[PDB]
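To keep things clear, I will list the structure first and then write my remarks on it.
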Amino acid sequence: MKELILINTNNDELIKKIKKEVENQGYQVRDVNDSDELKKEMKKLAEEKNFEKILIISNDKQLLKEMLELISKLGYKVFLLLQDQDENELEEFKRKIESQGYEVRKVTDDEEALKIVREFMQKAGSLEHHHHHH
Numbered sequence: 322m323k324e325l326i327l328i329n330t331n332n333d334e335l336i337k338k339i340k341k342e343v344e345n346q347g348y349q350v351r352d353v354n355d356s357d358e359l360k361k362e363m364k365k366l367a368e369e370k371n372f373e374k375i376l377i378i379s380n381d382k383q384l385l386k387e388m389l390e391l392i393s394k395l396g397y398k399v400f401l402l403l404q405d406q407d408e409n410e411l412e413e414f415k416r417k418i419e420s421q422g423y424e425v426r427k428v429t430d431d432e433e434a435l436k437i438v439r440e441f442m443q444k445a446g447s448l449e450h451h452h453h454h455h
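Just so we're aligned: 356 in the working numbering is position 35 of the sequence shown, and the numbers increase by one with no gaps anywhere.
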């Protein structure tokens, strides 16, 4: 089993703070800031099974929205966490992702995002009942 957590932040300084946390936990940092980069990454994740679970950072919603569906085909734990200066932009994206039926978190402060990054590190180790439809 492998878990994929997607972070959405436009705050450059936070992106680096997250990377520090992810290196402290031992998770694999990969940056996506381009539409061609994400479809490369999805294959790398599929080809390599037995190693640490990956943390993807991005600033663009159109990228993330692809990967929520792609990773869902690949057969992994999808997780979404988003924070930005525009609260209006956070909530309008999130409500659509809840309508897709995905675990998506929303925060205002960068500190709250860092909490949920650390929370994921234990919450990702869930009892994955593989026969997942009861």
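The beta carbon of each residue, even a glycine, is placed where N, CA and C say it ideally should be.
>> Quick check: the region 422–440 against the region 392–408, are at least 3 beta-carbon pairs closer than 8 Å?
In response: Touching, yes.
> Can you give the Cα-Cα distance for residue 431 and residue 360, rounded to whole angstroms?
Replying inline: Each residue's alpha carbon lies about 28 Å from the other.
> What is the DSSP secondary structure of residue 447, reduced to helix, strand or coil?
Replying inline: If DSSP states are grouped into helix, strand and coil, residue 447 belongs with coil.
>> Let's see if you can read the secondary structure: which residues bound the beta strand (DSSP E) around residue 352?
In response: Start and end: 349–352.
> Do you know offhand how far residue 339's Cα is from residue 326's?
Replying inline: Here the alpha carbons of residue 326 and residue 339 stand approximately 12 Å from one another.
> From which residue to which residue does the alpha helix (DSSP H) around residue 406 run?
Replying inline: It is not in any alpha helix (DSSP H) - residue 406 carries neither H nor E in the DSSP assignment.
> Among 332, 420, 409 and 322, which one has its Cα closest to the Cα of residue 372?
Replying inline: Proximity to residue 372 across 332, 420, 409 and 322 peaks at 322, based on C-alpha coordinates.
> Over what stretch of residues does the alpha helix (DSSP H) that includes residue 345 continue unbroken?
Replying inline: Per DSSP, residue 345 is one residue of the alpha helix (DSSP H) stretching across 333–346.
>> What does DSSP give as the partner residue(s) for residue 379 in the beta ladder?
In response: 329, per the DSSP bridge assignment.
> Which residues bound the alpha helix (DSSP H) around residue 364?
Replying inline: Its alpha helix (DSSP H) spans residues 356–368.
>> If you reduce the DSSP assignment to three classes, tell me which class residue 424 lands in.
In response: Residue 424 falls in the coil class under three-state DSSP.
>> Which residue wins for smallest C-alpha separation from residue 407, given the options 437, 376 and 332?
In response: A check of alpha carbon separations from residue 407 across 437, 376 and 332 identifies 332 as the nearest.
> Does the region 349–360 come close enough to the region 408–424 to have 3 or more Cβ pairs within less than 8 Å?
Replying inline: They do not touch, by the three-pair rule.
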